[PDB]
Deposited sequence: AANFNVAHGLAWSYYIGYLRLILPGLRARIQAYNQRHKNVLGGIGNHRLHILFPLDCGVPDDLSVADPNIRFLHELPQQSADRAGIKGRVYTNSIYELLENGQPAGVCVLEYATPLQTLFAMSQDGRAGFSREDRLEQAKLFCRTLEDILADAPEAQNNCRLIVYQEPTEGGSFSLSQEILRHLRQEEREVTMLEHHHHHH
């Protein structure tokens, strides 16, 4: 039952660490190089298919630029680096949305566990933990309104246009 650990790890060791300073980094980027939405948009594919490059697997998702990095001495690691990536969403091939976008890496852990031969993780076990991971994280954010307001949770299950799914969320947020 790894979902409970993955969710608290994801929240303690990343979300509540990176979300406070995200708006200022987004503002800094708009000063030099716009990005209307100032939330981290996290993708939650329950199939746990997490490619390393987002834009390489979709013509309507295009990498734009890195945000200004955020460095910190972390647990004996001097200058641990946290980078987030700006992507533009394309509709008929002409910018439709721009936002800081990434996957929820804990799902990548669930997938690799399902592929590990030295483990008893089945694709049914993974989908069970994938839902339980999302629910646990959502329960944490429900009592953390600042972090909850500083990110967007995009939960879906591919049987589809990911760029359309993302743009649907961006248009809902504009209200």
_Deposited residues absent from the coordinates (by C-alpha)_ = 1-4, 38-42, 169-173, 190-201
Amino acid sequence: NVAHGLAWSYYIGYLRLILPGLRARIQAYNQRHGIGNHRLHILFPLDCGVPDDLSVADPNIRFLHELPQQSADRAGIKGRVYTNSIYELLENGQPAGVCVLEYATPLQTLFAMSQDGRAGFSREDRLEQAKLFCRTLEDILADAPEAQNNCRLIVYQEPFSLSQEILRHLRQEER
From here on, numbers count along this sequence of modelled residues.
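Here, rigid core means the biggest group of C-alpha atoms that superpose within 1.5 Å across both forms.
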*Which of 127-135 and 49-57 strays further in 4 other deposited structures of this protein - Cα RMS after rigid core alignment*: 49-57
*Comparing C-alpha positions in 4 other deposited structures of this protein against this form, with the rigid core used for the fit, which stretch differs more, 88-96 or 101-109?*
88-96
*Among the other PDB entries compared that flank it on both sides, is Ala72 unmodelled in a third or more?*
yes
*Can you let me know which of the two, 63-71 or 113-121, has the higher average C-alpha B-factor in the entry?*
113-121
*Take the C-alpha B-factors listed in the entry for 99-107 and for 83-91, compute each mean, and give the stretch with the larger one.*
83-91
_Highest Cα temperature factor in the entry, among the options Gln129, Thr136, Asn30, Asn150: which one is it?_
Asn30
_Relative C-alpha B-factor of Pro20, binned into the chain's lowest, middle or highest third_ = middle
